[PDB]
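The structure appears right after this line, and notes come after that.
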Amino acid sequence: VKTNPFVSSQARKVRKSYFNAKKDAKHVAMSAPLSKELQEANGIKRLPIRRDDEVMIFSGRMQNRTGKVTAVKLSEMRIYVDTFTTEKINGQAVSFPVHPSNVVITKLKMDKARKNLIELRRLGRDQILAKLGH
Amino acid sequence: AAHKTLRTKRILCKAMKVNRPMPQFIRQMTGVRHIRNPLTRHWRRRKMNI
Amino acid sequence: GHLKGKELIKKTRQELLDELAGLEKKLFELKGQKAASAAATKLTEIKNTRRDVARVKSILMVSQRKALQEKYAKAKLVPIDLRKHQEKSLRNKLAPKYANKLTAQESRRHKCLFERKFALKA
Amino acid sequence: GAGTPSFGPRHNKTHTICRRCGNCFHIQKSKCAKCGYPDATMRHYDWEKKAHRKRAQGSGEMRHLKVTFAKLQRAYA
RNA sequence: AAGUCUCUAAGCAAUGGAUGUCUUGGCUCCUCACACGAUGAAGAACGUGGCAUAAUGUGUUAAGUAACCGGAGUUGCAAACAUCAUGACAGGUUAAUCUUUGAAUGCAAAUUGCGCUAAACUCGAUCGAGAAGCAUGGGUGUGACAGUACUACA
RNA sequence: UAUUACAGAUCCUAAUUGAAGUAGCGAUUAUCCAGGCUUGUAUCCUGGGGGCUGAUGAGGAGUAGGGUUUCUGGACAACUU
RNA sequence: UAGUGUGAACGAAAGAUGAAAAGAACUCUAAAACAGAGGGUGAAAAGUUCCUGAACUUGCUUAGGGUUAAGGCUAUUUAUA
RNA sequence: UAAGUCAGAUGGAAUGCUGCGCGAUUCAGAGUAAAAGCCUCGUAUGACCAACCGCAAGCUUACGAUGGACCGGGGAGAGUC
RNA sequence: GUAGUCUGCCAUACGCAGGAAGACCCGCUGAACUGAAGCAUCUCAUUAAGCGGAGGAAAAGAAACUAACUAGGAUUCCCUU
């Protein structure tokens, strides 16, 4: 149960804030877990997704393919990918949007800000697990 | 008309360049449908009263 | 091509004014040819050079103002441009020294009758 | 008599566009019925509290005034 | 004593938008704030985006520019630019720029009417133009004028 | 616990019947024939008959008012009984 | 806001395709962006003010009644009292 | 800033169904192709390191300020009550 | 004649006033419907509309005050009277 009064627990208010958030919060809302090869390497589960890296979806028509992110979309709230294409009735491939929380990140590409984010969360996760005592 | 003033002529200009169909690309962008241009009219039917 | 606001600060005032007029000329020639040729790529070039001519006007004006404020700063009755913005209410409200200043009766008793600290024993 | 035939000679204009209101400025009497120009004070009455809030602040742009609301959010939050 | 007519029922449809389910909208109660304006407000008009009429940004620096703070494409098509930074843009402030108006204030106005100016400013080649000035009322100071008002010395 | 049960209020709002393929399609000189363009014209254009308006003219032009109705090109879902 | 009035003023209607546009290629009849018919997309046409799709009214098909305006109730061997 | 995109069947899609694990100072809530403590944002809760760190007014050791008593004094709002 | 003052008017230097908003607040002005089962005093009401003017609150406020006691001690508000 929440103690902080200034955050609201009504469903109307949360959806309105969520869909009409600022740009910086929407990038954080668009995020996914790493594959276990990258979890041991970088020392984090969860990261926000960019146009550099590639991703791998379990369960679907497009089941179990890797492919790079062509475009993130924050208003439409979904991710376009290479490979993930059905053709039209016309002979024309069209990329098909998928929400990142269904998806695992298989490779990652560094940025000064991405390295600076990772070194924070590594040091944060070392403190919290020592506190809880696992 | 003729013998219109200039600030009368300014209003009659703005009243005719505003009179047009809505562009096609807004329906493609926003995906909304069934938006009409409000300041469309016909000269014979509705008078301006300006 | 287009140029940064950082590196224009180093340049001379008269160096910017010949840069300005030459940069503004290529705006005018493109506005002539958009009727004839029209089409893509030109319409991003006309956009960038409209943004760049603002860039030069902007940094000229802050180069003026920082220089020109130093002339009139630390002196009585400055110009209206160089005064800070504020509200109407806050200007006409007098400074809190004058409101709070003490009468010669009141200050002399405040020698003894000030709001002194005290406490009790346990 | 008083209907269709007597509508014929209706070509003069009683009211003209008003500078302050921009809307009903009386040419013969020279006053904006809606806003009261040129009286320096702007016309509103408490019996037309409905029609007043169509004209009054909020309806327009509020270019200077919206940024002075936005300061007072930051200072108290 | 005829019926493709008319009357009633059932099944599949046409018309119509009820019912049911949904909800980024209201309504109320409580909390905090009110620091608008001659430094040109509120309100009005017109501009301005690559395809933009309304609204929203914004004012020939016109979907913005500069600086600081965020920090990677905030949407259809088209085009350009940017990646461990010489830092993308629908992000958020502050400061510039700030069209015609409006208390509106050089004199007017159903008019884009009719003025005025020591220097400096800026183009223009001593002398024109633009730019920027010039309102009323009252306060303190400064100056000038008016008087068979009071008074001294002639 | 309540904005809690409808056939009526010349009730409110929204949609829809019969009457009914009925009443009716007026006012304005008068139309006819051959061609052109077309899937398609008495009607849109050309040519030729027959007519009307008959200088206070459905002629040529302006105030007030309207405000792009002007002009060229393309178009017929609707409108111009 | 649309819209009304010379004016002060007055003031509506209008939400929902699907998980995702995958928003219906190409062929046939046709003068044809008329209108369909094949064939496809999708889990399902839900096919563009498109979820569910009630009543009134209408169309088609099937079954009976009809000189008693029609309907109701009671009784049975269901067209009579 | 905790802990399963667990395994099996169904499905266009699993968060539901059956069975076994794990978190909690966090089972407020939302997003996600279907009902989610453990898929994502959060929530909870203390820890962490930058920014500041100043505006006026009064001080600061005694015939300086304030008060009590005693001695000797002045006056207290006019077209107003 | 000149040199002080008094009074008036004009010009100029520097900051100020106006306009917006007005629920609450302060000062004026001021209805009637209504109730009295009529109606005129009375009531609705020292209310609505109107005019003038402030602030984040305003206004009030330091006794020509209560009291009759075993005495209270500026103003404002809540409970009761």
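Taken over region C:93-122, the criterion of being among the charged types (D, E, K, R), within 42 Å of the chain's Cα centre (by Cα) and surrounded by fewer than 10 Cβ atoms within 10 Å (Cβ to Cβ) is satisfied by C:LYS97, C:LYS101. A count restricted to region A:68-89 and to residues that are exposed (fewer than 13 other Cβ atoms within 10 Å of the Cβ) and in a loop (DSSP other than H, G, I, E, B) stands at 4.
Would you point out the residue of region D:6-15, among those that are of a type outside the set (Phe, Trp, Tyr) and loosely packed, with under 13 Cβ neighbours inside 10 Å, that is farthest from the other protein chains (Cβ to nearest Cβ)? I'd like the intermediate steps shown before the answer.
Of all residues in region D:6-15, those of a type outside the set (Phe, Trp, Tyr) come to D:6, D:8-15.
Narrowing further to those that are loosely packed, with under 13 Cβ neighbours inside 10 Å: D:6, D:8-14.
Details: D:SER6: 20, D:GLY8: 17, D:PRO9: 17, D:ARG10: 12, D:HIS11: 13, D:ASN12: 14, D:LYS13: 10, D:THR14: 12 Å.
In this case the residue turns out to be D:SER6.
Each residue in region D:15-36 was checked for being under 18 Å from B:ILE11 (Cβ atoms) and not charged (D, E, K, R), and 11 pass.
Taken over chain B, the criterion of being part of a loop (DSSP other than H, G, I, E, B), closer than 23 Å to D:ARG10 by Cα and either within 10 Å of RNA strand E (Cβ to nearest atom) or in contact with a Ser or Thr (Cβ under 8 Å, 6 or more places away or on another chain) (or both) is satisfied by B:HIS3, B:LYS4, B:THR5, B:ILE50.
Kindly provide the set of residues from region C:36-57 that are under 16 Å from C:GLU19 (Cβ atoms) and small (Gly, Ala, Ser), ordered by number.
Step one: list which residues in region C:36-57 are under 16 Å from C:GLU19 (Cβ atoms), which gives C:48-57.
Residue satisfying the conditions is C:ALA54 alone.
Being in a loop (DSSP other than H, G, I, E, B), within 16 Å of RNA strand I (Cβ to nearest atom), farther than 26 Å from D:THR68 by Cβ and among the aliphatic types (A, V, I, L, M) is the requirement here; does C:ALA75 meet it? Here the answer is yes, as C:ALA75 does meet what is asked. Tell me, which residue of region D:31-60 that is surrounded by 11 or more Cβ atoms within 10 Å (Cβ to Cβ) and among the small types (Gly, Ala, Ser) is nearest to the other protein chains (Cβ to nearest Cβ)? Result: D:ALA33. Pairs meeting the criteria (first residue in region B:7-18 and within 10 Å of chain D (Cβ to nearest Cβ), second residue assigned to a loop (DSSP other than H, G, I, E, B) and of a type outside the set (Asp, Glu), beta carbons under 6 Å, at least 6 apart or on different chains) are B:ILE11/B:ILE50.
Please note: Cβ atoms are built from the backbone with ideal geometry, for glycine as well, and neighbour counts cover all protein chains shown. Where a number appears in this text, it was derived from the coordinates with a stated rule and is not lab data.
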